[PDB]
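This is what each chain is made of:
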Amino acid sequence: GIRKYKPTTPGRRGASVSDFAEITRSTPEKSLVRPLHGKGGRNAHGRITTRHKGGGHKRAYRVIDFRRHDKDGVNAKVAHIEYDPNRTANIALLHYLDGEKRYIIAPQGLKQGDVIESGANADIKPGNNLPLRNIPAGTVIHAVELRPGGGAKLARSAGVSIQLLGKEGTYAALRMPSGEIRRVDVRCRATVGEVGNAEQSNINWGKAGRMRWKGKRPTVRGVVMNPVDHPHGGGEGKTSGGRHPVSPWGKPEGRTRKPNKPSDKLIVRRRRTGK
Amino acid sequence: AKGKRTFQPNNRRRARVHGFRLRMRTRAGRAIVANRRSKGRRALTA
RNA sequence: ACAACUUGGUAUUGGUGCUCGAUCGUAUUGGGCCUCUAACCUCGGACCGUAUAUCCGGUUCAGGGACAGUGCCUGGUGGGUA
RNA sequence: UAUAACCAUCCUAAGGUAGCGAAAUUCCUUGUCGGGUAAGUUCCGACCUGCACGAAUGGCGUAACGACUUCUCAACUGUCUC
RNA sequence: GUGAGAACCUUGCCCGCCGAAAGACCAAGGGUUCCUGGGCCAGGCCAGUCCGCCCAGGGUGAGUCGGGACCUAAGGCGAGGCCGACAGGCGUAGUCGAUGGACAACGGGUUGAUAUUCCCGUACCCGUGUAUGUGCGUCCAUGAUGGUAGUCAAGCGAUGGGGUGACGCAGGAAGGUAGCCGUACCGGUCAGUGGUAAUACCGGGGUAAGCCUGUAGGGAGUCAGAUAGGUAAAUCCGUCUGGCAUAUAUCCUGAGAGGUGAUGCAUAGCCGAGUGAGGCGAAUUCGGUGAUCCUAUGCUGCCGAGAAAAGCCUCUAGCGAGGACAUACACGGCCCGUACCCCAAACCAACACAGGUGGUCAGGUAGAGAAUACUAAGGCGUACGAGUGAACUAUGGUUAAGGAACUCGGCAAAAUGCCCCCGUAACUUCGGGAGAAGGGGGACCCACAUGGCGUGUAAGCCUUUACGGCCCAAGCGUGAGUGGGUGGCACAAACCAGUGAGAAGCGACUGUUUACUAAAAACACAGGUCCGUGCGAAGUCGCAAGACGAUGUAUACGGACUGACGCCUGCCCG
RNA sequence: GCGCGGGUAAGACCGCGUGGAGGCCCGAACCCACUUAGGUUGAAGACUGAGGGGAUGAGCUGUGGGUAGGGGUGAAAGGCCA
Ligand SMILES: [Mg+2]
Ligand SMILES: [Mg+2]
Ligand SMILES: [Mg+2]
Ligand SMILES: [Mg+2]
Ligand SMILES: [Mg+2]
Ligand SMILES: [Mg+2]
Ligand SMILES: [Mg+2]
Ligand SMILES: [Mg+2]
Ligand SMILES: [Mg+2]
Ligand SMILES: [Mg+2]
Ligand SMILES: [Mg+2]
Ligand SMILES: [Mg+2]
Ligand SMILES: [Mg+2]
Ligand SMILES: [Mg+2]
Ligand SMILES: [Mg+2]
Ligand SMILES: [Mg+2]
Ligand SMILES: [Mg+2]
Ligand SMILES: [Mg+2]
Ligand SMILES: [Mg+2]
Ligand SMILES: [Mg+2]
Ligand SMILES: [Mg+2]
Ligand SMILES: [Mg+2]
Ligand SMILES: [Mg+2]
Ligand SMILES: [Mg+2]
Ligand SMILES: [Mg+2]
Ligand SMILES: [Mg+2]
Ligand SMILES: [Mg+2]
Ligand SMILES: [Mg+2]
Ligand SMILES: [Mg+2]
Ligand SMILES: [Mg+2]
Ligand SMILES: [Mg+2]
Ligand SMILES: [Mg+2]
Ligand SMILES: [Mg+2]
Ligand SMILES: [Mg+2]
Ligand SMILES: [Mg+2]
Ligand SMILES: [Mg+2]
Ligand SMILES: [Mg+2]
Ligand SMILES: [Mg+2]
Ligand SMILES: [Mg+2]
Ligand SMILES: [Mg+2]
Ligand SMILES: [Mg+2]
Ligand SMILES: [Mg+2]
Ligand SMILES: [Mg+2]
Ligand SMILES: [Mg+2]
Ligand SMILES: [Mg+2]
Ligand SMILES: [Mg+2]
Ligand SMILES: [Mg+2]
Ligand SMILES: [Mg+2]
Ligand SMILES: [Mg+2]
Ligand SMILES: [Mg+2]
Ligand SMILES: [Mg+2]
Ligand SMILES: [Mg+2]
Ligand SMILES: [Mg+2]
Ligand SMILES: [Mg+2]
Ligand SMILES: [Mg+2]
Ligand SMILES: [Mg+2]
Ligand SMILES: [Mg+2]
Ligand SMILES: [Mg+2]
Ligand SMILES: [Mg+2]
Ligand SMILES: [Mg+2]
Ligand SMILES: [Mg+2]
Ligand SMILES: [Mg+2]
Ligand SMILES: [Mg+2]
Ligand SMILES: [Mg+2]
Ligand SMILES: [Mg+2]
Ligand SMILES: [Mg+2]
Ligand SMILES: [Mg+2]
Ligand SMILES: [Mg+2]
Ligand SMILES: [Mg+2]
Ligand SMILES: [Mg+2]
Ligand SMILES: [Mg+2]
Ligand SMILES: [Mg+2]
Ligand SMILES: [Mg+2]
Ligand SMILES: [Mg+2]
Ligand SMILES: [Mg+2]
Ligand SMILES: [Mg+2]
Ligand SMILES: [Mg+2]
Ligand SMILES: [Mg+2]
Ligand SMILES: [Mg+2]
Ligand SMILES: [Mg+2]
Ligand SMILES: [Mg+2]
Ligand SMILES: [Mg+2]
Ligand SMILES: [Mg+2]
Ligand SMILES: [Mg+2]
Ligand SMILES: [Mg+2]
Ligand SMILES: [Mg+2]
Ligand SMILES: [Mg+2]
Ligand SMILES: [Mg+2]
Ligand SMILES: [Mg+2]
Ligand SMILES: [Mg+2]
Ligand SMILES: [Mg+2]
Ligand SMILES: [Mg+2]
Ligand SMILES: [Mg+2]
Ligand SMILES: [Mg+2]
Ligand SMILES: [Mg+2]
Ligand SMILES: [Mg+2]
Ligand SMILES: [Mg+2]
Ligand SMILES: [Mg+2]
Ligand SMILES: [Mg+2]
Ligand SMILES: [Mg+2]
Ligand SMILES: [Mg+2]
Ligand SMILES: [Mg+2]
Ligand SMILES: [Mg+2]
Ligand SMILES: [Mg+2]
Ligand SMILES: [Mg+2]
Ligand SMILES: [Mg+2]
Ligand SMILES: [Mg+2]
Ligand SMILES: [Mg+2]
Ligand SMILES: [Mg+2]
Ligand SMILES: [Mg+2]
Ligand SMILES: [Mg+2]
Ligand SMILES: [Mg+2]
Ligand SMILES: [Mg+2]
Ligand SMILES: [Mg+2]
Ligand SMILES: [Mg+2]
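Residues numbered from 1 in each chain as written, not as in the entry; some residues may be left out. Chains lettered and ligands numbered in written order. Part of a larger assembly, values for the part shown. Heavy atoms only, no water.

The deposited coordinates derive from cryo-EM, with the record listing a resolution of 3.26 Å.

You'll find chain B entered in the PDB entry as 50S ribosomal protein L34, with Mycolicibacterium smegmatis given as the organism. The deposited PDB record carries the title "HWS19 strain WT mycobacterial ribosome".

Where the PDB entry is consulted, chain A appears under the name Large ribosomal subunit protein uL2, with the organism given as Mycolicibacterium smegmatis. The heading Function in the UniProt record of chain A holds the text "One of the primary rRNA binding proteins. Required for association of the 30S and 50S subunits to form the 70S ribosome, for tRNA binding and peptide bond formation. It has been suggested to have peptidyltransferase activity; this is somewhat controversial. Makes several contacts with the 16S rRNA in the 70S ribosome." (UniProt positions renumbered as here; feature names shortened; annotations may be inferred.)

Take a look at the structure:
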């Protein structure tokens, strides 16, 4: 759900927050959590790799299972849905019949007290897994594997979805969330359904602290920048920089995909903005 | 009303920043200690 | 001038097939395209060195593949730097 | 009596739509008109003659807020005649 | 008083100051500044008998306090290895790294310097030896079996598995305790004045850890079978079938109360005895107020969603014939830190400096207060002095009538200022604007009034009777209202303690910036649009591996311009 | 949010008791440096006396660690780097 604050202080006017009507617990299993440390956005050398990224709040990582082929043909039960900051969407706790406990992304429309099939010949119930070769055409899927035994490395954010087109030989066609079409071996695994919590977009923050806790630092505009540290800097007054916009490091906009990539001569087409 | 000055003593910091083990860990440290010994200073390294 | 990017040739560099020419079938040696696997490549899966190893190496399975990358010569953009 | 409030002349790409205007923009300027005290080159509200306003280096408003800048009112006092 | 010298040294008596410190301590910081004894050519902004001057000697006591022998993080090193013309950059296994976790002692006395260290009294935690008592097997053999034979459950038990250990922000209620204020009670005083001789006044009105009991309160579920999930095996942890359960059942925890520690210790005081020591040595009941401390890792709300290892318990794997428990006796318990200085003449500042320095203790009266005023415990009069109505300078105080007429400028000053009552505009994004302006009251005594309220005992009621729940004469504390009377110029009397309104410009607000002339109309800030990114991504640092982006996947990430919200965002592709 | 009395058919809505969300308000320490007088061979190689803003947060501070000069860092002033 979505809740909107009633304005009572100048800073909070227009703020909103997502109503967590889908959570059942607020305590991850002690055996499945692993620690994590504040990182700061630097690297081994210590140079600032990406500007204005830092600060925030201490977070504890929880392990997730993106393999889902070690266990096959054994049913599972949906137990609980848990809070998770590390990724945009919510997650679910699974109880396998043999007794193991495991974690997966919470698909849209799922609720407590249900049955999930993970067999290679399982049903079309949402949240199930089975190889691309065995999925009927026209269904919506997520957690796509870029290739067999590679783990779900695509379409993991909230509200994303993939649509399955026809099939050919060992190849299948997928509609990318951004309109692209890509081919992948049918031997890989995937999951039916889409990521829930589709109301992520409508969140209005309106407060500096709500960004600082997440760890976003100011941006400092270009024109105000002094000429030495910037290409637009300098000038008396304020101007457009006296030169067509260029990155702060000398290289302008335009082509950004490295040509002659092994996928360059195999993949079909590119995006089109705002059709 | 700030009057805090540059020097803030601490034996641990001073030692671990200008300690013998740190100095001789690398090469330039060895070269400089050799130079100081050739000069003939009373105390080699602080 | 240099870095970087970028174009060809050449060595790494293999086999079989369609298609274009300079002493309509007769002679021309280089281009364009499709294929095969053993060179080579994959921060793909599984085992061993291994008691503890997301390092590394080896075997095998699975995919790319004579491309890409990298040596040598060269044409272009190039206040990013001198 | 007041001027263009339509058409055509050159050019190139077209020759300022809404909105506002002696302003943090106005040299000639203390421009002209109404308000303020006896005196107002400051200020407030209008007049378009826009040297050289103008809609993503945004325009006009706007509740609350400002150790931001300018003006007026009552109480005060050694800031003054002293 | 000392000595030749004294306002600056020692003793005694007055006066003032500090007292959220100008006091009592910790860590960091210095090293002999600590005590005893010697002197005063060097130093102390002057003289010095004095010293943080120096001389000579002396002084620092831990099985339990802080560290190491116990464990870990951000990070550093790095056997192999990768990359690199050489030099060199990376990172695995491991070992290093407290500001953390676990871990066993308290009260009093003592010398010129030491005290949870010595002594007195009583405790707690690990190890070895001897003796004794419970007492179980190896060699007999019952048993359970899977029922002739083969294993075995004793006792240890992991480098292995599983539990526990193990964690955010804000908030009140309830029961407690410390501290403080009175009182029963106990000892002492006659303070040269008008009056009180005990009904006055002064002084007391204490005492740890552990060990026993387990109140209030809070939290939790248990047995039979199947199973194979937990890098082997599992009586362990899970999951699935049924039974048992709302019982204050059972267990755990646990404040506070009560007994023990204690015929002990200490103290107000009384005797002799004075650089001071010795001896004796009373009473120790009841109420109010009330915490920043305990129950409490409790309970209730909120999202921005909140360390690891070790230890402890358990499981088998595996070793195994001596081991476990209890009592007594006699023993061992390792290395370093330990004086003095700590809100400063001993640290940081070239000085015996008007600056800074992390943390712990917090009395009384007025007070909302840890502000402000005077004060106890406690410590200070801090290092040039004595006199003298010059102008002038600086900090205060006062001043008739006008009140802003000076000054670019209401700069500085001045003024209001607190508590309780009546009603508060144009506006608006319906929260606000709003303490808007303004008007009235504020002392004491008595009566209402043994009024009311809270607490709470004698006493009463009730019960699963105990450390129990209810009311509560007496006692204690405490405001509110209505009348009458009294004093003065002034009744928030000191201190402390917001000017307000009407416009315009600029910026949406809170925020950050040119240490050391500029705090803004500057910067960022939440909103939007465009561009780019298909995942060892783009973008990076790095000639290379590699690392970030991300232990993420376009309802995301990198770059650019704009800046809440409302009405909108024209023409032109040379 | 909750419970009670109204309104509805249910509401919105109207009052009544609990809650303390507030980058909320007045005000100590701490932190900042706006105005003003002094100092300027100062007590101080950038302070003092009066007034001045935050005080539950983009807060303040201790402890140990990383960032090296054509470079670091920088809510961006040509600041800082003993
Ligand atoms: Mg982890
Ligand atoms: Mg380097
Ligand atoms: Mg950035
Ligand atoms: Mg931080
Ligand atoms: Mg999520
Ligand atoms: Mg906000
Ligand atoms: Mg920026
Ligand atoms: Mg700037
Ligand atoms: Mg330049
Ligand atoms: Mg620079
Ligand atoms: Mg400029
Ligand atoms: Mg200009
Ligand atoms: Mg511009
Ligand atoms: Mg450009
Ligand atoms: Mg794209
Ligand atoms: Mg070539
Ligand atoms: Mg070649
Ligand atoms: Mg050859
Ligand atoms: Mg050029
Ligand atoms: Mg140049
Ligand atoms: Mg004007
Ligand atoms: Mg304007
Ligand atoms: Mg003009
Ligand atoms: Mg002008
Ligand atoms: Mg004018
Ligand atoms: Mg004027
Ligand atoms: Mg102009
Ligand atoms: Mg524009
Ligand atoms: Mg435009
Ligand atoms: Mg305005
Ligand atoms: Mg006036
Ligand atoms: Mg006067
Ligand atoms: Mg004297
Ligand atoms: Mg004082
Ligand atoms: Mg005080
Ligand atoms: Mg103070
Ligand atoms: Mg120290
Ligand atoms: Mg020391
Ligand atoms: Mg001494
Ligand atoms: Mg002497
Ligand atoms: Mg002398
Ligand atoms: Mg001297
Ligand atoms: Mg001496
Ligand atoms: Mg010792
Ligand atoms: Mg390492
Ligand atoms: Mg080595
Ligand atoms: Mg290494
Ligand atoms: Mg270490
Ligand atoms: Mg440590
Ligand atoms: Mg002691
Ligand atoms: Mg939390
Ligand atoms: Mg909390
Ligand atoms: Mg007394
Ligand atoms: Mg006790
Ligand atoms: Mg089983
Ligand atoms: Mg309290
Ligand atoms: Mg011992
Ligand atoms: Mg020692
Ligand atoms: Mg001592
Ligand atoms: Mg000392
Ligand atoms: Mg000391
Ligand atoms: Mg001190
Ligand atoms: Mg010095
Ligand atoms: Mg001094
Ligand atoms: Mg000082
Ligand atoms: Mg301080
Ligand atoms: Mg206090
Ligand atoms: Mg005083
Ligand atoms: Mg004192
Ligand atoms: Mg003078
Ligand atoms: Mg004066
Ligand atoms: Mg007077
Ligand atoms: Mg006057
Ligand atoms: Mg004049
Ligand atoms: Mg004037
Ligand atoms: Mg003033
Ligand atoms: Mg107003
Ligand atoms: Mg109001
Ligand atoms: Mg008011
Ligand atoms: Mg009874
Ligand atoms: Mg009862
Ligand atoms: Mg009077
Ligand atoms: Mg304007
Ligand atoms: Mg502000
Ligand atoms: Mg700012
Ligand atoms: Mg600055
Ligand atoms: Mg400056
Ligand atoms: Mg400065
Ligand atoms: Mg300034
Ligand atoms: Mg500023
Ligand atoms: Mg400003
Ligand atoms: Mg700004
Ligand atoms: Mg916009
Ligand atoms: Mg944005
Ligand atoms: Mg854009
Ligand atoms: Mg790349
Ligand atoms: Mg943009
Ligand atoms: Mg703007
Ligand atoms: Mg702007
Ligand atoms: Mg065009
Ligand atoms: Mg064109
Ligand atoms: Mg409240
Ligand atoms: Mg105020
Ligand atoms: Mg002076
Ligand atoms: Mg200096
Ligand atoms: Mg000052
Ligand atoms: Mg001051
Ligand atoms: Mg003043
Ligand atoms: Mg203040
Ligand atoms: Mg203020
Ligand atoms: Mg505030
Ligand atoms: Mg703040
Ligand atoms: Mg260095
Ligand atoms: Mg600037
Ligand atoms: Mg400097």
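Asks: Sorry, what's going on with the overall build of chain A here?
Replies: From N to C terminus, chain A includes one helix and 14 strands. Each principal axis of the C-alpha distribution contributes one length, and for chain A these read about 70 × 55 × 40 Å. For chain A, restricting intrachain contacts to residue pairs at least 6 apart in sequence, the fraction spanning at least 24 positions comes to 55%. Total accessible area computed for chain A in this model is approximately 19,500 Å², and 52% of it derives from carbon and sulfur atoms. On chain A, the mean spot of the 55 positive side-chain charges and the mean spot of the 23 negative ones are 9 Å from each other. (Helix = DSSP H or I, 4+ residues; strand = E, 2+ residues; numbered from the N terminus. Contact = heavy atoms within 4.5 Å. Areas by Shrake-Rupley, 256 points an atom, 1.4 Å probe, with all protein chains shown as cover. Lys, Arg positive; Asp, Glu negative; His and termini not counted. Charge placed at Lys NZ, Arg CZ, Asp CG, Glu CD.)

Asks: Mind showing me how you'd approach the sheet that holds strand β7 (residues 101–105) of chain A here?
Replies: Sheets are built from strands that pair by backbone hydrogen bonding, the pairs being arranged parallel or antiparallel. Ordered by their spatial adjacency, four strands build an open sheet running β7-β6-β5-β8 (chain A), and the pairing between neighbours is antiparallel. Across the chains shown, the open sheet's two edge strands, defined by having one partner strand only, are β7 and β8 (115–116) of chain A. (Pairing = 2+ DSSP bridges.)

Asks: Can you walk me through the nonpolar core in this structure?
Replies: Looking at soluble globular proteins, one finds that nonpolar side chains tend to be buried together. Residues and elements named next belong to chain A. Residues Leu132, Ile135, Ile141, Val144, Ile162 and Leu174 are the most contacted members of the largest nonpolar core, which totals 17 residues. Every element with two or more residues in this core is listed here: β11 (162–168), β12 (171–175) and β14 (189–192). Here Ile135 is in contact with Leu130, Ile141, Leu164 and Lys167, once residues within four sequence places are set aside. If you look at the next biggest cluster of nonpolar residues, it comprises six residues, including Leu94, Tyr96, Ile104 and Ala106. (Core = buried A, V, L, I, M, F, W, Y, C linked by side-chain atoms within 4.5 Å. Buried < 20%, exposed > 50% of the residue type's maximum accessible area, 1.4 Å probe, protein only.)

Asks: How should the side chain of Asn129(A) be read in this particular structure?
Replies: Take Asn129(A): it is sitting in strand β9 (residues 129–131). Ignoring anything within four residues of it in the chain, the contact list for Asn129(A) reads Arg68(A), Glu117(A), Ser118(A), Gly119(A), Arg189(A), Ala190(A) and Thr191(A).

Asks: Which parts of the structure should I look at to understand the pattern of salt bridges?
Replies: Pairing is possible between side chains that carry opposite charge, provided their charged atoms lie close to one another. All names here are of chain A. A full pass over the atoms with the stated rule returns seven salt bridges over all chains. Measuring nitrogen to oxygen at the nearest pair gives 4.0 Å for the salt bridge that ties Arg62 to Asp84. Taken together, the residues span a long stretch of sequence, with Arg62 in strand β4 (residues 61–62) and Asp84 in the loop between β5 (76–82) and β6 (91–96) at a distance of 22 residues. Three or more residues joined by partner-sharing salt bridges are found here, namely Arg62, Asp84 and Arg87. (Salt bridge = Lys/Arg side-chain N within 4 Å of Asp/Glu carboxyl O.)

Asks: Could you clarify how one ought to interpret the protein's contact with RNA strand F in this entry?
Replies: Every one of the 24 residues lining RNA strand F counts as a neighbour, but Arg47(A), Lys207(A), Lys2(B), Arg13(B) and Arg16(B) are closest to it. The contact atoms of RNA strand F, taken as those within 4 Å of the protein, divide so that sugar and phosphate hold 70%. With respect to RNA strand F, the side chain of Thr9(A) contributes an N or O atom lying 3.0 Å from a phosphate oxygen. Going through the elements one at a time, α1 (208–212) of chain A together with α1 (11–17) of chain B are the ones with two or more residues in the surface near RNA strand F. When the residues that make up the surface near RNA strand F are grouped by side-chain class, the tally is nine nonpolar, four polar and eleven charged. (Near = heavy atom within 4 Å. Polar contact = N/O pair within 3.5 Å; in protein donor to acceptor, adjacent residues only side chain to side chain. Nonpolar A, V, L, I, M, F, W, Y, C, P; charged D, E, K, R; others polar.)

Asks: Honestly, the sheet that holds β12(A) in this entry has me stumped. Any pointers?
Replies: Residue and element names in this part refer to chain A. Ordered by their spatial adjacency, six strands build an open sheet running β9-β14-β10-β11-β12-β13, and the pairing between neighbours is antiparallel. The outermost strands of the open sheet, each flanked by one partner alone, are β9 and β13 (181–185). Put simply, the sheet's adjacent strands are angled 45° from each other on average, direction ignored. Where strand β10 (residues 140–142) lies against β11, two bridges are found, and the strand directions are antiparallel. Across the sheet, the residue bridging to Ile141 is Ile162, located in β11. (Axes fitted to C-alpha atoms, helices over the stretch in contact; angles between N-to-C directions.)

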